[PDB]
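Notes for the one structure printed next.
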Amino acid sequence: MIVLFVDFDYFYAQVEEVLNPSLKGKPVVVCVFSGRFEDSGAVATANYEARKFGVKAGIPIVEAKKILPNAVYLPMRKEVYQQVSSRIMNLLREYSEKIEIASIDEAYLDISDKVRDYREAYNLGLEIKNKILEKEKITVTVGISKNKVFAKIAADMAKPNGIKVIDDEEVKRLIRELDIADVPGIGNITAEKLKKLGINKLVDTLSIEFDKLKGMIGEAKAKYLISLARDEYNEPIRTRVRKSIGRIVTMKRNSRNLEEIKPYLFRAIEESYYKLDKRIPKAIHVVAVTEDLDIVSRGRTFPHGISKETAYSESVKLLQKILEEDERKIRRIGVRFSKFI
DNA sequence: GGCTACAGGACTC
DNA sequence: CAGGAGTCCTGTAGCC
Ligand SMILES: Nc1ccn([C@@H]2CS[C@H](COP(=O)(O)OP(=O)(O)NP(=O)(O)O)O2)c(=O)n1
Ligand SMILES: [Ca+2]
Ligand SMILES: [Ca+2]
Ligand SMILES: [Ca+2]
Ligand SMILES: [Ca+2]
């Protein structure tokens, strides 16, 4: 199989640049203002200008400002980025029916039947990079390999504004050399408990007792890593269908007071229903982020669709449930709908 | 034993 | 100083 992965560069930031070219060349920081106090919130993402100085996704906005006080701080305008995204996804579909839109920012294309080899695949990569630049002036990075995991690693190595092919030999080389931390799906926690078994590379999973790998990191995860080490990994490119829709908001104040939280919970429901469009969920979950950043939740599945009214009442019951079974204070409250009809 | 629901865990962008 | 949205897996407990 031949997979061609497309990853838009500093997507949110670049879209802002396309809409306002004077930004070009400056450090741009796209932010999620929380509402609690001046500059409370976090960085959603930033361009390379800002990034090369340590301003990265997830850090607090005030910390970003300490590092880059004169950078441009823009509020997230997701709907805008989503519309530009949708248009680019449509361009990619001209290249293949077997397409997987993994996020607002990435897409996997199976071009096995469009191209004969990696040479023709690389060339198809330039063709795509060019198309997107012509139509939307967005630069992207193209990763190419025999499966989704290595096509993504390929792009991770070539961004930004790049294109890279990882043929069969480098796959073998990477299995040996590549820091297993850089493997998609392995975060700090997993990587810590991995690399602490001397497993620092994909190969190391082959020589360790299985019940043991699986003891530290779970079955699915160990099979995944091993199948990759054996160069026997295969996951087809697939149309993705959204399985949940939700909304979570940050309260001005942390609270444990039911009447004080309801307003937030209710607004989160309204926004959620809106996004459901015509989907009818059978399940609802009330999600709360506590005082200390711990996530708690209580849900319920119904044998029928959930009307907005039923969502309102059930959410309060679920919220009460949380309040009763957890003495902590809530800082963020929301809901998530799933199991659509 | 294994399938279901539910709640938490970990990860990705 | 700690936003937001969405996905997959696992441990536990009911049940067949
Ligand atoms: N922690 C994070 C990470 C990403 N984001 C959002 C979700 S999608 C948008 C992608 O922006 P981005 O900077 O282009 O992400 P990348 O790491 O792919 N940058 P790139 O090198 O272009 O692929 O960032 C976020 O809100 N919070
Ligand atoms: Ca990405
Ligand atoms: Ca990107
Ligand atoms: Ca063509
Ligand atoms: Ca990692």
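Because the Cβ atoms are built from the backbone with ideal geometry, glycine has one as well, and the counts that use them run over all protein chains shown. We did not get these values from a lab; they are worked out from the coordinates using the rules stated.
Conditions tested, residue by residue: (1) among the β-branched types (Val, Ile, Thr); (2) part of a loop (DSSP other than H, G, I, E, B); (3) in contact with a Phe, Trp or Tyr (Cβ under 6 Å, 6 or more places away or on another chain); (4) within 16 Å of ligand 1 (Cβ to nearest atom).
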site	(1), (2), (3), (4)
A:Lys56	no, yes, no, yes
A:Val62	yes, no, no, no
A:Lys65	no, no, no, no
A:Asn70	no, yes, no, no
A:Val84	yes, no, no, yes
A:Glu94	no, no, no, no
Residue check, A:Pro184 in a loop (DSSP other than H, G, I, E, B) and in contact with a strand residue (DSSP E or B) (Cβ under 9 Å, 6 or more places away or on another chain): no
Given (1) in contact (Cβ under 8 Å) with a residue 40 or more places away in the chain; (2) within 15 Å of DNA strand B (Cβ to nearest atom); (3) over 23 Å from the mean Cα position of the chain (by Cα), index of the condition A:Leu197 fails: (1)
Pair list, Cβ < 6 Å and 6+ apart or interchain, from region A:93-106 residues that are touching a residue at least 60 places away in the same chain (Cβ under 8 Å) and among the charged types (D, E, K, R) to residues that are within 13 Å of ligand 3 (Cβ to nearest atom) and part of a strand (DSSP E or B): A:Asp105/A:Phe8; A:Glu106/A:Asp7
Cβ-Cβ under 6 Å pairs, at least 6 apart or on other chains, region A:1-15 side among the β-branched types (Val, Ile, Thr), far side within 10 Å of ligand 1 (Cβ to nearest atom) and outside any helix (DSSP H, G or I): A:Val6/A:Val140
Answer residue from region A:41-54, given it is assigned to a loop (DSSP other than H, G, I, E, B) and touching a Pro at 6+ places or on another chain (Cβ under 8 Å) and is surrounded by the fewest Cβ atoms within 10 Å (Cβ to Cβ) among those: A:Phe53
Region A:98-126, subset in a strand (DSSP E or B) and not β-branched (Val, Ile, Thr), residue farthest from ligand 4 (Cβ to nearest atom): A:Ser103
Index of the failed condition, A:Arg240 passing every other in (1) basic (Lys, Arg); (2) within 11 Å of DNA strand C (Cβ to nearest atom); (3) more than 30 Å from A:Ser145 (Cβ to Cβ); (4) assigned to a loop (DSSP other than H, G, I, E, B): (3)
Unmet requirement for A:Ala155, which otherwise passes all of (1) surrounded by 18 or more Cβ atoms within 10 Å (Cβ to Cβ); (2) more than 13 Å from ligand 1 (Cβ to nearest atom): (2)
Answer residue from region A:90-119, given it is loosely packed, with under 15 Cβ neighbours inside 10 Å and of a type outside the set (S, T, N, Q) and is nearest to DNA strand B (Cβ to nearest atom) among those: A:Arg93
Meets criteria (away from ligand 2 (no atom under 16 Å from the Cβ), more than 24 Å from the chain's Cα centre (by Cα) and under 25 Å from A:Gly35 (Cα atoms)) for A:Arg328: yes
For A:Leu133: the one exception among (1) surrounded by fewer than 22 Cβ atoms within 10 Å (Cβ to Cβ); (2) in contact (Cβ under 8 Å) with a residue 24 or more places away in the chain: (2)
Matching residues, region A:12-27, being in contact with a strand residue (DSSP E or B) (Cβ under 7 Å, 6 or more places away or on another chain) and within 15 Å of DNA strand C (Cβ to nearest atom): A:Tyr12, A:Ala13, A:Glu16
Every residue from region A:55-85 that is exposed (fewer than 13 other Cβ atoms within 10 Å of the Cβ) and closer than 26 Å to A:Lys135 by Cβ: A:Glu79, A:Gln82, A:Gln83
Condition broken by A:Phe150, with the remaining ones in (1) more than 16 Å from ligand 4 (Cβ to nearest atom); (2) assigned to a strand (DSSP E or B) satisfied: (2)
